Structure formats: C-alpha cells, structure tokens
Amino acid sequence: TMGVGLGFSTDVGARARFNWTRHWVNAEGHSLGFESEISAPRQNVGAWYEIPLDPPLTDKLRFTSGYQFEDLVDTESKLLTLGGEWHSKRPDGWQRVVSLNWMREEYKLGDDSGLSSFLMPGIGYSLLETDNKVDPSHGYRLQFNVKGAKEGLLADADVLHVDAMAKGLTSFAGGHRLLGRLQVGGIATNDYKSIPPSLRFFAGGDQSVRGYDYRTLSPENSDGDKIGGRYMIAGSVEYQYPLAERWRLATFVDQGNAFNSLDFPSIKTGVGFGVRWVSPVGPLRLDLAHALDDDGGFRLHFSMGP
C-alpha cells in the first residue's frame, strides 16, 4: 500500500506525511514499513518490521526504529529510538501491548542541555468501540499506557511515566451530537533534571486546550522558560449540531494545564465555537476560541482529526 499526505495545522503549520507499506515479504506473512512527517517545527523518520503470530490478527511482534527532531516553544530534542512490541487482544476488545524500547536523546531544556539514554519497558491497554467508520453516531476510546526505568539498568534515572486518554460520543434527538474528551499524564522520578522533553508534559493546542497555542501551557524555570511539567490534565466537552450533510456546527468548552505541583494545577479554561466539514480530504475543523484565563485574546484553530 502507498501513501502521501499534505496537511496543515495551526499547531505545526504546513505538513507532509509519507507511508510505505510492504504487505508480504515472505511465507510467514511478514510486513515491512516506512513513514515520515515533515513540518517546520518537527521532522521525523521511521521504519518497522512485522511478524504475525497466532491468532494472526491480534497477536504479533513489531520491531521499530526511529528519529525525530523537534524544536518547539523553548525546547529542542533529537530523539533516537529502537523497540520491540508484542500485541495481544482478548474478545472484549482490550488490546494489551507489551513493549521494550531503548532510546537516546540529545535535548535542550531552556538555557541548558543534555544527552541521556533509557531502556524502558512499557505496557498498554486500548479499547475502541464504534458503530461505523464514516458516520459514527456513538462510541468510545480508552487508552492506558505505563512505562518505566531503573537507573543502573541502562538508565540515567528512575522513571515511572503514565499516560491515559478517554473519548466518548453520543448522538441524541435528530442527530445532535455530544463529544467528551479527557487526558491525563504524570511522571514520577528522583532526577527530574535528567528527564528529557519527550518524557515531560505540555498542553494547549487543537486537541488539548483550545484558546491557547500549542504546548504553551507549562511550568517555567528560574529564567522564565517553558521547560515542561511533571503532570498534565486536559479535558474538553463539545456539542455538535448537524447543519447539513457533511456539515456540522460545534461549540465547545476546554480545560487544562501542565504543572509541577498537585496543589497548584492553575487550571486554564478555553471556550469557543467552530465549523466541522467532512471534506473529500478529511474531517476538517476550524475553530474560534476565546481564552478566558491568563491573558486571553481570540484564536483561530485549524485541524484535520477524527
């Protein structure tokens, strides 16, 4: 299968995606792959190899490697990664993923720098339940993921990173939709300074807290630079009114922040309204949001997501 993509976002700007899938390499049903995405603030390249186990569809190994450059707000990171995964799914729909990932990261947090490396195991569970694929009328997504590391065991620090997300949709009356969204993240450690950007948390953006620019909701250090938070929350509620076929009208309320203290979350609130269009290039969403907290102006968001 082949793929090329063009995109735009308020978050990262113009964007190009590429995919290369090779669906059968050998008699055991192995799959080969490549993918990349190029945007001004972020560029990455990736490869993957797949081996079907038994049952062929729900159990498999996927070996992967990757590179990602990221220059966002006041932090930069060159991230190199290798990994092995074992996917397995029970009839509920609960997908477990057992992973072993090694990574090396060159990073700049504010006015400093680092290079650190980790071999970290992770486990994930997912659940996805919807009615159909171009017109979903109700459904949900549950995602849970924990990874961790022990210093000495190829790690500059001890790490316990946890992230979880939940999406839900209901249609009621004559096609009136309600959309619900929650996301939480946390990392526990005894050496926060050795902890690179990829393991820290940021908030704000199209799919996070609308009304605020991408990854700007964050703790700052002594000198006033957004260096990344130990924790995050992001929640959103959206009402959609079907206005025409392929056209919906949404209004929303968002809340969220990235923060270092459970006692001072400093929750930010965004509100707004937008237009949704299921176009022949994808679900496009164009939003107008007024940030109510901090120093709030008005903001234009563009995105092409589910």
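Start at 1 with the first residue shown and count on from there.
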### Summary
With B-factors read from the PDB entry, the higher C-alpha mean of 91-99 and 181-189 is in 91-99
### Query
Per the entry, where is the mean C-alpha temperature factor higher: 195-203 or 220-228?
220-228
### Query
What's the residue among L80, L153, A164, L160 with the greatest CA temperature factor in the PDB record?
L153
### Query
Between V12, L284, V25, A16, which one tops the list for C-alpha B-factor in the PDB entry?
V25
### Where the record places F144 (Cα B-factor, split into thirds across the chain)
middle
### Message
Going by the CA temperature factor in the PDB record, which third of the chain does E70 belong to: lowest, middle or highest?
### Response
lowest
## Note on the structure
Binned into thirds over the chain's modelled residues, the C-alpha B-factor of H30 lands in the highest
#### Entry: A40, C-alpha B-factor rank within chain (lowest, middle or highest third)
lowest
#### Entry: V271, C-alpha B-factor rank within chain (lowest, middle or highest third)
lowest
